[PDB]
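Q: Supplied in structure tokens, the structure appears directly below.
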């Protein structure tokens with residue numbers, strides 16, 4: 167069992183690459199038999215669904231403290247084992263009911279690919295290229311996408327799971343599959359209810375969750391993932407991890423005159439000669455200058471890339487009069503730095519402070 | 167204010183036909199000004215959204231005891247009036263926020279087109295041609311669709327509103343519109359929360375619901391709808407209305423030997439020489455024979471049409487021994503009739519009885 171380490175690069179796999187182990191191919195063979203469908207239709211409906219699911223979730227974990235591959239493997243187990251158990255209780259289950267249950271068990275947690283993290287597509291060095299939009303398709307739609315970073319989000323977006331799930335299910339199901347589900351309104355209704363987690367399928371899905379299910383498959387392999395270093399961002403990764411902990415335990419002034427971090431309605435502002443310098447000056451034994459940490463932060467969030475629209479160089483605008491009375495200015499108002507549009511990538515373990523002095 | 171009468175035919179309109187009144191064209195002009203968008207983009211994003219919305223909901227009421235056109239008119243008012251009020255409180259609202267709020271207010275109740283009724287597409291006489299699948303597109307996708315019947319459903323499907331809404335919103339929004347919403351995760355999050363009814367937009371949407379909103383538009387016209395008679399089904403319509411009331415007040419044996427109505431897992435069975443004959447024999451002053459009422463029921467539910475897959479001629483299979491001891495049989499087991507796959511079109515005002523003797 168392998169876990170993601172903050173800041174490492176993950177390779178992208180094809181669904182063929184993720185499904186190559188004999189255990190996954192035996193599961194597909196067993197699903198075909200449970201499906202009651204001819205081979206052409208099993209391939210169209212079930213096989214295509216699995217491949218599109220795996221391509222989409224890749225090796226992402228169900229939650230960030232869970233093992234890699236857990237999203238795909240728990241999906242596949244829930245689907246095959248629920249379907250097997252249900253059939254054993256209801257031998258008359260129709261082909262449509264079977265597809266409905268399988269797809270519900272498979273896709274149950276698919277929204278975790280959206281809410282738990284943002285995915286930064288990078289080059290082999292870790293430089294940001296673009297941010298994955300899961301609603302436009304899987305990572306593999308772009309044949310040049312080879313590596314990505316997992317950027318954790320606060321728990322704030324978990325509230326949207328009930329809205330995201332139905333969208334992503336229709337996005338991932340073959341068109342003919344979704345059309346067939348809509349051809350019976352009672353099945354469709356119970357399928358949509360099943361997908362809502364927290365109807366005829368509620369009992370078996372519950373048994374699955376309490377590990378009380380009779381399974382065809384006990385376990386699925388977790389293939390080894392060669393996580394790689396991110397040399398072009400490493401100091402910026404250490405900076406970010408530090409900033410997250412220090413915000414999580416109120417170690418940093420935010421929104422005051424003194425502080426190098428400000429929350430405005432447009433996001434979280436990180437002032438260069440503020441929060442970055444503070445980090446340098448706190449850590450006297452780490453071998454990096456402000457220039458390099460700031461540049462690497464630029465590399466990490468795509469500050470030079472037009473695709474990185476959420477992360478940009480900004481300047482914000484009493485302060486001078488203060489330095490004249492309390493300092494030596496008596497002998498520019500603007501503050502210089504990086505704006506991150508979604509503070510949930512920075513405040514990942516407590517409340518986002520309210521917007522509160524400097525403006526654009 | 168016009169209300170739907172059970173069993174009448176509704177004409178189909180084009181969005182151009184539904185939006186022709188000056189008040190709707192003035193609302194669109196005002197929306198363009200509130201949008202902050204150039205004309206090309208307003209047309210792509212807002213105008214296309216409205217036209218696709220109206221085409222989809224046609225003159226359907228928000229609820230079956232509400233006026234015709236109420237779905238489209240409350241949508242349009244909620245959208246324009248919420249957007250106007252919000253802007254007046256937040257003059258800095260971005261173009262994306264404005265589109266988000268407008269689309270949320272517009273589409274809020276769009277799932278009512280799916281859950282409140284089934285729509286039977288008919289010919290000018292009222293003969294069933296096919297059943298509308300709202301997930302495949304609006305009625306006007308088929309250029310031959312000119313008339314339809316509204317077939318009320320029980321309240322059972324209201325539980326699915328939270329799942330149906332997000333699907334139908336993505337289905338109806340221009341692709342570029344949905345993509346733009348997904349480009350900011352905080353806006354997207356608050357938009358999805360707004361769409362969930364029962365975030366930055368919750369306050370204005372609430373004001374709308376409690377009629378505490380400052381509006382640009384007070385009212386929208388309800389165009390007159392020429393509802394038409396359904397001669398090829400009229401006796402079947404009276405039958406159905408009668409069957410619904412009698413089930414709603416336990417006036418009919420169901421699931422017993424004696425009764426002409428049975429609930430099996432596959433739906434509600436209506437026996438020809440049972441429930442149809444009972445109706446004839448209860449109503450000695452209505453001028454119709456069993457043959458005509460049964461045939462017209464066939465016309466109503468498409469029993470001769472392959473598109474009417476939910477409604478079919480069936481035969482189900484003690485009874486003979488009973489007639490030998492208690493009748494004159496001593497001097498076929500099968501029962502003949504119509505199976506309706508979704509009992510929520512028959513039991514529209516109480517619980518569906520449990521499946522309980524005869525089988526396929």
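Protein chains in written order, with our numbering: chain A, 167 to 526; chain B, 167 to 526.
All C-beta atoms, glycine included, are put in the ideal place defined by N, C-alpha and C.
(1) Would you report the Cα separation of residue 388 of chain B and residue 427 of chain B, rounded to the nearest angstrom?
(2) Can you look up residue 188 of chain B in the DSSP assignment and give me helix, strand or coil?
(3) Among the candidates A:524, A:304, A:324, A:362, whose CA atom is the shortest distance from the CA of residue 325 of chain B?
(4) Name the residues in the region 479 to 501 of chain B whose C-beta lies less than 9 Å from a C-beta of chain A; which are they?
(5) Among A:340, A:286, A:194, whose alpha-carbon lies nearest the alpha-carbon of residue 296 of chain A?
(6) Would you say residue 364 of chain B faces chain C, with C-beta separation under 8 Å as the test?
(7) Classify residue 358 of chain A: buried if its beta carbon has 16 or more other beta carbons within 10 angstroms, exposed otherwise.
(8) Which residues does DSSP pair with residue 318 of chain B in a beta bridge?
(9) Can you find a CB in chain B that lies within less than 8 Å of the CB of residue 544 of chain A?
(10) Any Cβ of chain B within less than 8 Å of the Cβ of residue 507 of chain A?
(11) Count the other C-beta atoms from every protein chain shown that fall within 10 angstroms of the C-beta of residue 188 of chain B, then say buried if there are 16 or more, exposed otherwise.
(12) Per the contact definition of three or more C-beta pairs closer than 8 Å, is the region 266 to 286 of chain A in contact with the region 314 to 332 of chain B?
(13) For residue 359 of chain A, go through chain B and note every residue whose CB falls closer than 9 Å to its CB, in chain order.
(14) Whose Cβ in chain B lies nearer than 9 Å to the Cβ of residue 112 of chain A?
(15) Any contact of the region 447 to 459 of chain B with the region 508 to 524 of chain B, i.e. 3+ C-beta pairs under 8 Å?
(16) One question on the structure: do residue 382 of chain A and residue 247 of chain A come within less than 8 Å of each other, judged by their Cβ atoms?
(17) Please report the straight-line C-alpha distance between residue 250 of chain A and residue 385 of chain A, rounded to a whole angstrom.
(18) State yes or no: is the beta carbon of residue 349 of chain A nearer than 8 Å to at least one beta carbon in chain B?
(19) What distance in whole Å lies between the Cβ atoms of residue 399 of chain A and residue 465 of chain A, which are believed to be in contact at a cut-off of 8 Å?
(20) Show which residues of chain B have a CB atom less than 7 Å away from the CB atom of residue 332 of chain A.
(21) Quick one: which chain B residues come within Cβ less than 9 Å of residue 299 of chain A?
(22) Does the region 176 to 186 of chain B come close enough to the region 402 to 411 of chain B that 3 or more CB-CB pairs lie under 8 Å?
(23) Confirm, please, whether the CB-CB distance from residue 515 of chain B to residue 437 of chain B is below 8 Å.
(24) Let's test the definition: count the other Cβ atoms within 10 Å of the Cβ of residue 167 of chain B and tell me whether it reaches 16, buried, or not, exposed.
(25) List the DSSP bridge partners of residue 394 of chain B.
(26) Going along chain B, which residues have a C-beta under 7 Å from residue 352 of chain A?
(27) Of all the options B:207, B:170, B:213, which has the alpha carbon lying nearest to the alpha carbon of residue 190 of chain B?
(28) To the nearest angstrom, report how far apart residue 181 of chain B and residue 473 of chain A are at their CA atoms.
(29) Which residues mark the beginning and the end of the alpha helix (DSSP H) in which residue 464 of chain A is found?
(30) Would you please verify whether the beta carbon of residue 396 of chain B is less than 8 Å from any beta carbon of chain A?
(31) To the nearest angstrom, how far is it from the Cα of residue 519 of chain A to the Cα of residue 461 of chain A?
(32) Per the contact definition of three or more C-beta pairs closer than 8 Å, is the region 252 to 271 of chain A in contact with the region 330 to 349 of chain A?
(33) Take residue 483 of chain A and list the residues in its own chain whose beta-carbon comes closer than 7 Å to its own, dropping the five residues that flank it on each side.
(34) If the cut is a Cβ gap below 8 Å, which residues of chain B does residue 475 of chain A touch?
(35) Does the separation of the CB atoms of residue 558 of chain B and residue 507 of chain B fall below 8 Å?
(36) Quick one, are the C-beta atoms of residue 211 of chain B and residue 340 of chain B less than 8 Å apart?
A: Let's see:
(1) Per the coordinates, the alpha-carbon of residue 388 of chain B lies some 40 Å from the alpha-carbon of residue 427 of chain B.
(2) Taken through DSSP and simplified to helix, strand or coil, residue 188 of chain B comes out as helix.
(3) Closest by alpha carbon: A:362.
(4) The residues in question: there are none.
(5) When the alpha-carbon of residue 296 of chain A is set against those of A:340, A:286, A:194, the nearest one is in A:286.
(6) Annotation note: the requested chain C is absent from the structure, which comprises protein chains A and B.
(7) Residue environment for residue 358 of chain A: buried (at least 16 other C-beta atoms within 10 angstroms of its C-beta).
(8) Beta-bridge pairing by DSSP links residue 318 of chain B to B:283.
(9) This structure leaves residue 544 of chain A out entirely; chain A is present only between 167 and 526.
(10) Taking CB atoms only, residue 507 of chain A has a neighbour in chain B less than 8 Å away.
(11) With fewer than 16 other Cβ atoms from the protein chains shown falling within 10 Å of its own Cβ, residue 188 of chain B counts as exposed.
(12) Three or more Cβ pairs closer than 8 Å define a contact, and the region 314 to 332 of chain B falls short of that threshold against the region 266 to 286 of chain A.
(13) Near residue 359 of chain A (Cβ distances below 9 Å), the residues of chain B are 325, 326, 329.
(14) This structure cannot settle anything about residue 112 of chain A, because the visible part of chain A is limited to 167 through 526.
(15) No, the region 447 to 459 of chain B does not touch the region 508 to 524 of chain B.
(16) Taking the C-beta atoms as reference points, residue 247 of chain A is found nearer than 8 Å to residue 382 of chain A.
(17) Answer to the nearest angstrom: the Cα atoms are 15 Å apart.
(18) Chain B, which has a Cβ nearer than 8 Å to the Cβ of residue 349 of chain A, makes this yes.
(19) About 5 Å separates the two Cβ atoms, so the contact holds.
(20) 329, 332, 333, listed in chain order.
(21) Counting only Cβ-Cβ distances below 9 Å, residue 299 of chain A has contacts in chain B at 345, 348, 349, in chain order.
(22) Verdict: no, contact absent.
(23) No; because the gap between Cβ atoms is not below 8 Å, this pair is not in contact.
(24) Exposed, by the Cβ-count rule.
(25) B:175, per the DSSP bridge assignment.
(26) Neighbours of residue 352 of chain A across chain B, judged by C-beta separation under 7 Å: 508.
(27) Among B:207, B:170, B:213, the Cα nearest to that of residue 190 of chain B is on B:213.
(28) When rounded, the distance between both Cα atoms is 37 Å.
(29) First-last of the alpha helix (DSSP H) with residue 464 of chain A: 456 to 466.
(30) Proximity of residue 396 of chain B to chain A, defined by a Cβ-Cβ separation below 8 Å, is not satisfied.
(31) Spanning the two alpha carbons is a distance of roughly 26 Å.
(32) At 8 Å Cβ cutoff, the stretches touch.
(33) Contacts found: 499, 500, 524, 525.
(34) Going along chain B in sequence order, the residues near residue 475 of chain A (Cβ under 8 Å) are 349.
(35) The question about residue 558 of chain B has no answer, for chain B in this structure spans 167 to 526.
(36) Using a Cβ distance threshold of 8 Å, residue 211 of chain B and residue 340 of chain B count as a contacting pair.
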